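Novice: The structure is given below, and queries will be raised subsequently.
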Amino acid sequence: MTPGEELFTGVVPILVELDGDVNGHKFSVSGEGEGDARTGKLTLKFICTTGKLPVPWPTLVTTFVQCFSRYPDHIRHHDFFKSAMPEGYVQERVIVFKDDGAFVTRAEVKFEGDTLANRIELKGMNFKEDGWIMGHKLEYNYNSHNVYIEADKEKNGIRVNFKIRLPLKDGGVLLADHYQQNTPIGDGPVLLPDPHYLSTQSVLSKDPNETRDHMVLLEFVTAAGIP
Amino acid sequence: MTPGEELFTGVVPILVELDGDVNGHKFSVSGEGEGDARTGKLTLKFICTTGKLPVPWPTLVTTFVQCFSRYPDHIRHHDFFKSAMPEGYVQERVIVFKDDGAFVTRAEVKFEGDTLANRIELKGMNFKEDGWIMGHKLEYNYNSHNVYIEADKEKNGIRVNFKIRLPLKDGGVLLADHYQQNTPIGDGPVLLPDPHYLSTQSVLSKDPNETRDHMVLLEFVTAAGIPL
């Protein structure tokens with residue numbers, strides 16, 4: 001086990017902060033919660049601090065900490081995400097929404113004191129202004145996914161490509177293609193893995209006492225397919 | 001006609017600089033040439049100054065100055081690109097190669113003295129290291145396309161989208177979707193167009209005497225699709 005992996009033996013507080021600009025509409029989101037990598041369980045709550053979120057909450061779930069995946073403790077494995085800690089990793093995505101616009105995101109995931117922090121900047125371009133995203137036509141729900149991890153030896157990190165199906169309020173799905181790379185922030189050695197996948201299930205809900213625009217997230221993340 | 005449009009009555013020298021990183025392979029490209037917006041004609045030559053270019057030249061053509069498009073009289077009032085001059089505009093793209101990786105680019109296009117300068121940063125992610133791009137399976141050749149332009153009134157700029165077909169050596173094409181946004185650098189007024197398109201044609205060639213990895217580009221671009 002690496003020292004980074006051992007930072008996750010307990011339940012770790014999480015902070016998320018996102019600065020976003022979609023079709024010129026600027027917005028910010030703060031999140032708070034905690035993660036238990038022993039079980040793969042994450043609880044997170046997000047509040048749009050700038051007023052109404054200009055995109056549907058489900059389009060941001062993947063952007064809002066895969067270092068909390070449950071990896072099998074008694075099977076040999078390389079956990080890139082935890083082993084990069086505490087100095088952390090940069091997580092970059094392009095997300096392409098079919099027949100709509102694209103997100104470009106850059107995030108730093110690292111310890112700040114005792115807290116695992118995910119700090120993101122997001123740029124959205126070419127969204128249809130009365131389309132499914134800008135028009136808030138997505139159902140407030142979320143599907144489970146398998147996402148396949150592979151080593152990126154040239155960048156001493158990992159790459160991930162995966163498809164998300166976002167259900168529409170009135171029936172149908174919006175496909176969202178995710179292109180992801182993760183690279184360590186520090187100089188020290190990191191674990192690069194054999195190909196495997198992370199299995200994610202997520203439950204979205206609301207707090208009746210929170211009048212701000214917000215999202216309550218419960219998530220389970222488990223590694224598998226480990227050669 | 002705006003003062004920025006009038007900076008293009010003659011033949012304007014062009015400088016291009018690109019700072020790139022694809023799958024961790026860093027590379028730089030310098031270009032020089034000139035543009036004639038009266039006819040829509042561009043001539044540019046690019047030299048990889050870091051050695052071998054790690055992607056095929058055709059994948060970079062769109063990244064390497066739409067202010068040289070020929071806007072006819074009936075639609076000059078739609079010419080955002082020239083009206084932003086001389087202070088210029090930022091051009092941002094996401095480019096998605098079908099079943100391959102993505103480029104993310106940001107460029108500043110502006111006059112530097114009497115030269116029109118395109119200065120670009122490019123980052124490419126998730127390319128298959130044995131796919132058509134990284135394995136250099138694209139034909140050194142180029143197709144004719146339509147570039148769709150609309151006003152982005154929220155950002156005082158324009159939104160641009162189009163699909164390029166990159167020819168493959170053994171036949172067929174690799175599709176590349178372009179998501180584009182342009183916003184002025186300065187604060188003064190710009191022309192916000194009605195929806196229209198640019199029609200493009202390009203020819204790629206080589207200089208037998210240039211030992212460095214390079215591309216010679218001839219390009220013709222004309223605006224069309226006049227909404228009354």
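By order in the structure tokens, chains are A, B, ...; within a chain, residues start at 1; ligands start at 1, following the order shown.
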Pull out every residue of chain B sitting within 6 Å of chain A, counting only C-alpha atoms, and send them as a list in words.
Specialist: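 Per the criterion, chain B yields residues 24, 154 and 155 of chain B.
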Novice: Between region 86-178 of chain A and region 13-18 of chain A, at 6 Å or less, what are the per-residue closest atom pairs and their distances in Å? Count only C-alpha atoms, order by chain and rising residue number, and return it as a Markdown table.
Specialist:
```
| residue | atom | partner | partner_atom | distance |
| --- | --- | --- | --- | --- |
| A:115 | CA | A:13 | CA | 5.1 |
| A:116 | CA | A:14 | CA | 4.8 |
| A:117 | CA | A:15 | CA | 4.8 |
| A:118 | CA | A:16 | CA | 4.8 |
| A:119 | CA | A:17 | CA | 4.9 |
| A:120 | CA | A:18 | CA | 4.7 |
| A:121 | CA | A:18 | CA | 5.7 |
```
Novice: Deliver the residues from the most recent selection as a file, using N, CA, C and O atoms, as a JSON list (two decimals), in the first residue's frame.
Specialist:
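The file below, again02.json, is the result:
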```json
[["chain", "number", "residue", "atom", "x", "y", "z"],
["A", 115, "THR", "N", -8.57, 17.76, 4.06],
["A", 115, "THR", "CA", -9.76, 17.69, 3.20],
["A", 115, "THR", "C", -9.34, 17.36, 1.77],
["A", 115, "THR", "O", -8.37, 17.94, 1.26],
["A", 116, "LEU", "N", -10.05, 16.42, 1.14],
["A", 116, "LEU", "CA", -9.79, 16.10, -0.26],
["A", 116, "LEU", "C", -10.54, 17.16, -1.07],
["A", 116, "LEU", "O", -11.75, 17.25, -0.93],
["A", 117, "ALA", "N", -9.83, 18.01, -1.83],
["A", 117, "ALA", "CA", -10.45, 19.12, -2.55],
["A", 117, "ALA", "C", -10.49, 18.85, -4.06],
["A", 117, "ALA", "O", -9.47, 18.51, -4.64],
["A", 118, "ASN", "N", -11.64, 19.09, -4.68],
["A", 118, "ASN", "CA", -11.77, 18.96, -6.15],
["A", 118, "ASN", "C", -12.13, 20.35, -6.64],
["A", 118, "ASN", "O", -13.28, 20.75, -6.46],
["A", 119, "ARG", "N", -11.18, 21.06, -7.25],
["A", 119, "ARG", "CA", -11.39, 22.43, -7.72],
["A", 119, "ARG", "C", -11.37, 22.48, -9.25],
["A", 119, "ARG", "O", -10.37, 22.12, -9.88],
["A", 120, "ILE", "N", -12.46, 22.95, -9.84],
["A", 120, "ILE", "CA", -12.73, 22.81, -11.26],
["A", 120, "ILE", "C", -12.96, 24.15, -11.92],
["A", 120, "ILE", "O", -13.60, 25.04, -11.33],
["A", 121, "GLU", "N", -12.48, 24.27, -13.17],
["A", 121, "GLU", "CA", -12.94, 25.36, -14.03],
["A", 121, "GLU", "C", -13.58, 24.69, -15.23],
["A", 121, "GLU", "O", -13.06, 23.70, -15.76]]
```
Novice: Within 9 Å of residue 213 (chain A), counting only C-alpha atoms, which residues qualify if same-chain residues fewer than 3 places away don't, as number ranges by chain?
Specialist: A: 46-49, 51-53, 210
Novice: Keeping only N, CA and C atoms, take the residues you just selected and write them out as a JSON list (two decimals), in the first residue's frame.
Specialist:
```
[["chain", "number", "residue", "atom", "x", "y", "z"],
["A", 46, "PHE", "N", -24.32, 19.94, -3.21],
["A", 46, "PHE", "CA", -23.85, 21.07, -4.01],
["A", 46, "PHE", "C", -24.86, 22.21, -3.98],
["A", 47, "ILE", "N", -24.38, 23.43, -3.92],
["A", 47, "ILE", "CA", -25.23, 24.63, -3.90],
["A", 47, "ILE", "C", -24.72, 25.58, -4.99],
["A", 48, "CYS", "N", -25.59, 25.98, -5.89],
["A", 48, "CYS", "CA", -25.22, 27.03, -6.84],
["A", 48, "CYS", "C", -25.17, 28.36, -6.09],
["A", 49, "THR", "N", -23.99, 28.97, -5.97],
["A", 49, "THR", "CA", -23.89, 30.18, -5.14],
["A", 49, "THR", "C", -24.21, 31.46, -5.92],
["A", 51, "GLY", "N", -27.01, 31.80, -7.93],
["A", 51, "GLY", "CA", -28.44, 31.85, -8.16],
["A", 51, "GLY", "C", -28.91, 30.57, -8.82],
["A", 52, "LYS", "N", -29.57, 30.67, -9.99],
["A", 52, "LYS", "CA", -30.06, 29.48, -10.70],
["A", 52, "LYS", "C", -28.93, 28.89, -11.56],
["A", 53, "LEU", "N", -28.72, 27.58, -11.45],
["A", 53, "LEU", "CA", -27.73, 26.91, -12.27],
["A", 53, "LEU", "C", -28.18, 26.95, -13.72],
["A", 210, "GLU", "N", -33.61, 23.29, 1.84],
["A", 210, "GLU", "CA", -32.59, 24.08, 1.18],
["A", 210, "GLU", "C", -33.31, 24.82, 0.05]]
```
Novice: Using DSSP on the backbone, list every residue of region 44-166 of chain A that comes out as strand (DSSP E or B), and give them as number ranges by chain.
Specialist: A: 44-48, 70, 89-97, 102-112, 115-125, 138, 145-152, 157-166
Novice: Hey, what does DSSP flag as helix (DSSP H, G or I) within region 26-143 of chain A? Can you give it to me as a list in words?
Specialist: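 Answer for region 26-143 of chain A restricted to helix (DSSP H, G or I) is residues 57, 58, 59, 60, 66, 67, 68, 80, 81, 82 and 83 of chain A.
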Novice: Please provide as number ranges by chain all residues within 8 Å of residue 184 (chain B), with the sequence filter that same-chain residues fewer than 5 positions apart are discarded (counting only C-alpha atoms).
Specialist: B: 84, 87-90, 156-157, 190
Novice: Using Å and a single decimal, report how far CA of residue 125 (chain B) sits from CA of residue 140 (chain B).
Specialist: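 Taking CA of residue 140 (chain B) and CA of residue 125 (chain B), their separation equals 22.4 Å.
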Novice: List as a PyMOL selection string the protein and nucleic acid residues near residue 202 (chain B), meaning an atom at most 10 Å away when only C-alpha atoms are counted, but skip any in the same chain fewer than 4 places from it.
Specialist: chain B and resi 41-43+61+141-145+217-221
Novice: Which residue gives the smallest distance to residue 152 (chain B) among B:191, B:94, B:134, B:166, with only C-alpha atoms counted?
Specialist: B:191
Novice: Neighbouring residues of residue 57 (chain A) were defined as those with any atom within 9 Å, considering only C-alpha atoms; residues of the same chain fewer than 6 positions away were excluded. Please report them as a PyMOL selection string.
Specialist: chain A and resi 138+140+214-215
Novice: Env of region 128-132 of chain B: 7 Å cut, atoms = only C-alpha atoms, seq-sep filter 5 positions within chain, self excluded. Answer as a PyMOL selection string.
Specialist: chain B and resi 100+137-138
Novice: For the selection just defined, write its residues with N, CA, C and O atoms to a file, as an mmCIF file, in the first residue's frame.
Specialist:
```cif
data_model
loop_
_atom_site.group_PDB
_atom_site.id
_atom_site.type_symbol
_atom_site.label_atom_id
_atom_site.label_comp_id
_atom_site.auth_asym_id
_atom_site.auth_seq_id
_atom_site.Cartn_x
_atom_site.Cartn_y
_atom_site.Cartn_z
ATOM 1 N N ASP B 100 -11.692 8.802 -32.298
ATOM 2 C CA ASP B 100 -10.344 9.058 -31.825
ATOM 3 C C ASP B 100 -10.390 10.151 -30.757
ATOM 4 O O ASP B 100 -11.409 10.308 -30.085
ATOM 5 N N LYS B 137 -1.956 7.712 -40.859
ATOM 6 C CA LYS B 137 -2.719 7.052 -41.915
ATOM 7 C C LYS B 137 -3.601 8.024 -42.723
ATOM 8 O O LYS B 137 -4.385 7.592 -43.608
ATOM 9 N N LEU B 138 -3.462 9.326 -42.488
ATOM 10 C CA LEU B 138 -4.219 10.320 -43.227
ATOM 11 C C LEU B 138 -3.502 10.687 -44.507
ATOM 12 O O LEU B 138 -2.276 10.827 -44.536
#
```
Novice: A:123, A:165, A:196, A:106: which is nearest residue 148 (chain A), counting only C-alpha atoms?
Specialist: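 Smallest distance to residue 148 (chain A) is found for A:196.
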Novice: Please compute the CA of residue 108 (chain B)-CA of residue 12 (chain B) distance, one decimal, in Å.
Specialist: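 Between CA of residue 108 (chain B) and CA of residue 12 (chain B) the gap is 16.9 Å.
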